[PDB]
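Below is one structure, written out as structure tokens; the observations come after it.
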Amino acid sequence: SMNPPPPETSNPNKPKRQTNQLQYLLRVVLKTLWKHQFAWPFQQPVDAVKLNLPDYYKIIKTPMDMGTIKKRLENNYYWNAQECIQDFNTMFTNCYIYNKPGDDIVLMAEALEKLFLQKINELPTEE
Ligand SMILES: CNC(=O)c1ccc2c(c1)nc(-c1cc(C)c(O)c(C)c1)n2CC1CCN(C(C)=O)CC1
């Protein structure tokens, strides 16, 4: 009935690197989705307490959100671009698991995912 703690965003025990793919994921992919008119419900963990959704974290056991993804990129949580792409995919899949076809939040998720796929289909080459 409490919210879970948000996902880990900075792990000192993880090695860190800068790559053109990770720079692109923060500065092009995340930044573009972040500034979208429909971004705001995805910029932080679902607050199931304040929204009074007592079943949200009974159904969604792998929560993810763009606030968490942004901090993960900012703090080198991802070594491989695929780890970041997986987190975006998890965020969209959670929305489609919990919500119903035609729901306002689902139409918002679809618009962001369309933009996500447009941007990640132009990811730069791997070192
Ligand atoms: C100051 N406000 C807030 O902080 C606030 C308010 C409402 C929030 C909200 C945060 N987060 C969610 C949300 C997000 C996701 C990904 C979900 O899977 C679910 C079940 C809820 N909602 C409900 C949806 C907001 C957008 N919708 C519209 C504009 O119609 C649909 C409902």
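To test your reading of the geometry: what angle, between 0 and 90 degrees and rounded to tens, separates the Cα axis of helix 104-120 from the longest principal axis of the chain? It works out to around 10 degrees. Taking the chain as a Gaussian network, Cα atoms linked when under 10 Å apart, which of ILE85, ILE60, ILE69 shows the biggest mean-square fluctuation? Of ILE85, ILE60, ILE69, the most mobile in the Gaussian network model is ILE60.
Taking 11 Å as the cut-off, the amide N atoms of segment 86-101 that come nearer than this to a point 7 Å along the Cα-to-beta-carbon line of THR62 belong to 86-94. Any of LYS50/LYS119; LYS16/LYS119; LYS70/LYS114; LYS14/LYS114; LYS71/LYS119; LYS35/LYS61 with alpha carbons more than 29 Å apart? Name them for me. Check vs 29 Å cut-off fails for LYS50/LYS119; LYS14/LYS114. Working from Cα pairs under 8 Å separated by at least six residues, relative contact order for the chain is 37 percent.
Under unit Cβ charges (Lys, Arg +1; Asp, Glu -1), what dipole magnitude, rounded to 20 debye, does the chain have relative to its Cα centre?
Details: 15 positive and 14 negative charges, 64 e Å.
Dipole size: approximately 300 debye.
Note on the chain: GNM, Cα springs under 10 Å; of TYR78, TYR24, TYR98, the largest mean-square fluctuation is that of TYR98.
When the alpha carbon coordinates of segment 19-123 are projected onto the principal axes, the ranges are 40, 25, 19 Å, largest first. GNM on the chain, alpha-carbon springs under 10 angstrom: the most fluctuating residue among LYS61, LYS71, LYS31 is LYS61. Take the Cα of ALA111, go 7 Å toward its beta carbon, and the backbone nitrogen atoms of segment 52-92 under 20 Å from that spot belong to 65-67, 88-89, 91-92. Relative to the longest principal Cα axis of the chain, at what angle does helix 81-98 sit, 0 to 90 degrees, rounded to 10? Between the helix axis and the principal axis of the chain, the angle is about 10 degrees. If I model a spin label at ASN121 and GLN44 as a point 7 Å from the Cα along the Cα→Cβ vector, what separation in nanometres do I get? Once both label points are built, they end up 3.4 nm from each other.
When we count neighbours, we look across all protein chains shown, and the Cβ atoms used for this are built from the backbone with ideal geometry, even at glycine. Read the figures in this text as sums done on the coordinates, not as results from a lab.
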